[PDB]
Amino acid sequence: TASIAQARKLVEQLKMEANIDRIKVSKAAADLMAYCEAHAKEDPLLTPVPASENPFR
Amino acid sequence: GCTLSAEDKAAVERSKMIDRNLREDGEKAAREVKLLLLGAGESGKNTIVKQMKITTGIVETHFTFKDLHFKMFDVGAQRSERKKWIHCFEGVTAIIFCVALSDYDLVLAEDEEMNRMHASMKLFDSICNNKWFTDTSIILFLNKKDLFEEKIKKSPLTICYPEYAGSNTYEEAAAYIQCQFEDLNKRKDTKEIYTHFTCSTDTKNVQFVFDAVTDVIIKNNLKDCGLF
Amino acid sequence: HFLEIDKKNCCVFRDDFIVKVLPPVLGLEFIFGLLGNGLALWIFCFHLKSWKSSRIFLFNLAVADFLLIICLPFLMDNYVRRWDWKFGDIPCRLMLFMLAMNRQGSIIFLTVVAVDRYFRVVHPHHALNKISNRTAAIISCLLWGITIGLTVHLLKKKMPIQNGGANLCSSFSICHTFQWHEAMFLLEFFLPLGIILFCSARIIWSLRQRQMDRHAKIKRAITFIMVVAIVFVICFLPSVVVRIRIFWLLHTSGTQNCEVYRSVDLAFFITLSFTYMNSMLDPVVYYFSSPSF
Amino acid sequence: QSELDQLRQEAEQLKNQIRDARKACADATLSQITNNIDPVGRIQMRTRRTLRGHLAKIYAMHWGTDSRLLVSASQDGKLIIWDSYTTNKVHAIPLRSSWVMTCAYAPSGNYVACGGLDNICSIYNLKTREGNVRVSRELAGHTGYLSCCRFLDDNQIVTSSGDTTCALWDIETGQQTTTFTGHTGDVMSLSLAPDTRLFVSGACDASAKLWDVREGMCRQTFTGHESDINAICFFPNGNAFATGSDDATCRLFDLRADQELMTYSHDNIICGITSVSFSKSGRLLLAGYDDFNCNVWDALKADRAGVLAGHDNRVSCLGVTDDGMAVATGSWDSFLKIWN
Amino acid sequence: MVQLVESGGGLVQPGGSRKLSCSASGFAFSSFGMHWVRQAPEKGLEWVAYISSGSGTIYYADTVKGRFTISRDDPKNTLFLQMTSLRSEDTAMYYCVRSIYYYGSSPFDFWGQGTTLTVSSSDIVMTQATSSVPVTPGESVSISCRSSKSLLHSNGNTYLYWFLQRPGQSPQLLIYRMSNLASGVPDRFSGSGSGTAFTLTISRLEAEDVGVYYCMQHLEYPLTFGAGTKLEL
Ligand SMILES: C[C@@]1(c2ccccc2)OC(C(=O)O)=CC1=O
């Protein structure tokens, strides 16, 4: 009965991830799109900066 | 040039000194021979280490012989997956493999059907025909040979090898074992295998290792010129 | 009748066989050497990734051979017109310095390669076998300086001197004053031959005593080591033999009577193209005929 | 052997209902919504700096929070701290064990960490009243090689190991505060959330798990990969993370939806991913590969938007500064490059 | 503990020679550059000479060029200063200072306890116009220093240093690069400035802040000190 304890622990863990709530995929997609849009101007990689303010000029 | 302040120039000088120290350490490291030690736990790795040198993780052993510095690395303590860290030892001079000759009749504790000799053969096949050691020579050691002589009479060699058809002569059995092990490698042109029979030899093991390492180093030196 | 005084008594000959024999073989040597050396050069400068201590010496050999080859379309016009130099005065001494420098540089860079292979085979554990690329460069610079210093005195000499309506551009004439150039000619062959022979014999002796002969690549290395010595001897022996014959004739008969050197002069000038052919032959022995390239 | 079979069947039905709930909550696909947005242009990043001095393969690097200093670890037994603006070397730390696999830089900048096949995480104090860097602490709990380590603060660090476990350490006492034991394979990488309350780990069992730092329990489990997971990183928001594995694909997972969102693969890419990272806004996904080059992906449209080439060997690590100004890559060819 | 101990000095006849030595302990001597700083019996600090780590770089003041030589013995952790043709104006307290240079380091952080030398019988100008500011505990006091040349550099660093010398004590570093506090300095000190005009602000004044405050520039090799500003209770 060495592995019965770990099997029961696995069953208990699966019961814990069973009751976790879920939301729609569309809402998460919208949230990621909104985050990407809001900080678009603050990304120096997809919007290259002038050599005046580039530390690696 | 002249566009740097005083502290910038001092930092540059510090960087140059660090570079010099790094180059010196690199040269000192490059003057030394790296060896990887493999085999079963009871196959005779410990006695080989003791002969050369006359808690968990990686065990390093350093010994010198005829002005050459060796350092062996033992990876027997790592029970994790071998493919995730075996690429770290790419570039070692040679691999030292230890096999116990008296294992032909014993079997593993986990599986009674799985005998120790076939497990050693499987490990040797996996290590030799590996994508990372395609150009690394292997030094093979067969350790328990007096016990092999004692046990070859009572227990016939046919137990481990059903297709064995030779006599119970000791040297014939040893030759059969060596031929069986030496036939696992599929390169046969980029890799060479050096096999030796040691039970309690004094300084013969170190001399054999030194000769094999010199032979590998000669062929590595012939790679730089290009005529090899 | 054939006597001449460039700075001392010196027989000088104009022959017809030279115009027949030298232009064709020299043109073939020029084209083949140019092709091989240039190809190896732009493979070295572009296709290679990491430079080691031996490829630096090999590249120096390549550049020396290329420099020697590129500077001999001009002595084709000195051979087709018997002995006639219409290119001026500076373009004579300047190219004499070129040739006498590049030949010695090539010989030195074969000797360096031979010594390097000797040290890597016979003494596998040695500090020379592991040297950074910064020491090979300084050794190369020092060797180039040595050859330039030994050749530099060819730039100050009395060139195009009229003899019979033509001007002469030749540092190899049958004189009797023991010019240092002939001593350099003998010395650049004697010692390097001994060094190469010793470093070659020891390599095969060690490779046979240590029993690597069963390996195929060891046999290939052995034969490509023998090829180097064979090429060197067949390319540099006849010129020295004929020069020794000429010196012996000068010592015995004397320089008072010319016309006895008619055959030996032609033989020396015909065989002197073997040195040029060596620069054509060695790029494929050293560069192309290797497992890695 | 009866109750074990019943428990296994119960677990099978539990997984079945989890799958059914995930299918029910998958109304649309992130690719379906995103198609209307304008795509990013071709990304043309050029090398700006090259850092030399390592004499062996580079295995790990980590940026500092100031976005100027960075530390790199190599098999030559040295730990080097670089000034990326001037390419100056600030420190060179000789390690007791040269078989290093990971390195981390403390957010405060006072400490650096490293570890590897010795099963020991070492902490070095960079600011001493003397002029040298000396060992501050050594952690010796794990029974396998250390694959990753990340500082929570000056006194807390979390490590992953080859003994299928992750642990949270107290540096002052050198003791294991918490242990995480959900995985069934070698844990290869971990990533810390921006708020430093959760972290994710990827293991060789082709699964990722979300851990609670305080409760010491596994919150969620993520599947979908087919081979060992080698790299992991949170989305900058903190509600998503990306994984790279040996099956030559990258995937994005949502914490709230408990399922995959996008797959980043190409038919002509057959080598495994070694490292992965996000840009400051999360729009670009940078991944290092075994085929000697890094690929820049559009994280919202799963279309390749650029390539970083210039390494002669395998790209083993990469990271983006906290201000998003530069990207650094380390490779087995013993060179570090800064891209912009 | 970090310790710098100087030895030598005494009474020297004019035109004579004498060697001073400083022994270091408690820190990695070979990783630091070293300076010699001078202190007239009533005047302010005056830089003399500097030697870098590895002895690669050596600099001297104009007034001591040729007469003085500086050397270090790394295995013995000792610094040397050999003086020849001594003059009557060479009488001063000779301090030994350690400095390390890398990104984010603090140069001039530790000063030794100098030894008295007695003999019988272009450059950036740093100005501290105020020479005495009488103060009371609990009051906020500002000390200002101005430079002839701008200390701001193209890399964004302003090379200004603030020092404090308590009565009967070696100078102590407070502010480096115009804004950064030293490790042991309390938070009540603050530094600010822009290129040419600089100030040091002390808030919640204590009784341990009585002394002379010096400003130093580290932009150009002839390092110069401003005349100190004394605070009296
Ligand atoms: C016969 C000769 C020559 C011939 C034509 C023009 C110049 C030089 O070639 C050699 C030489 O390369 O060493 C020396 C010469 O006198």
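In what follows, chains are A, B, ... by sequence order, proteins preceding strands, each numbered from 1.
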Discussion item. If only side-chain N and O atoms count, and only distance matters, is there a donor-acceptor pair under 3.5 Å linking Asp25(B) with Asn21(B)?
Written reply: no

Item to complete: Identify which part of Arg23(B) has an atom lying under 4.5 Å from any heavy atom of chain C, answering side chain, backbone, both or neither.
Response: neither

Item to complete: Indicate yes or no for a side-chain donor-acceptor contact from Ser289(C) to the backbone of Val285(C) under 3.5 Å, with no hydrogens or angles considered.
Response: yes

Worksheet item: Quick one: what part of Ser54(C) sits under 4.5 Å from any heavy atom of chain B, side chain, backbone, both or neither?
Response: side chain

Practice prompt. Measure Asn220(B) against the heavy atoms of chain C and call it side chain, backbone, both or neither at under 4.5 Å.
Written response: neither

Response to the item:
Correct closest heavy-atom pair for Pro73(C) and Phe30(C) would be CG-CE1, 3.8 Å

Worksheet entry | Which of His125(C), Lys217(C), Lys130(C) touches chain B most, by non-hydrogen pairs under 4.5 Å | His125(C)

Practice prompt. Name the region of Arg120(C), side chain, backbone, both or neither, that has any atom closer than 4.5 Å to a heavy atom of chain B.
Written response: both

Discussion item. I'd like to know whether CZ of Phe288(C) has more than 12 heavy-atom contacts from other residues, nucleotides or ligands below 6.0 angstrom.
Written reply: yes

Practice prompt. Calculate, to the nearest 0.5 Å, the distance between atoms OG and CG belonging to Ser106(C) and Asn60(C) respectively.
Written response: 11.0 Å

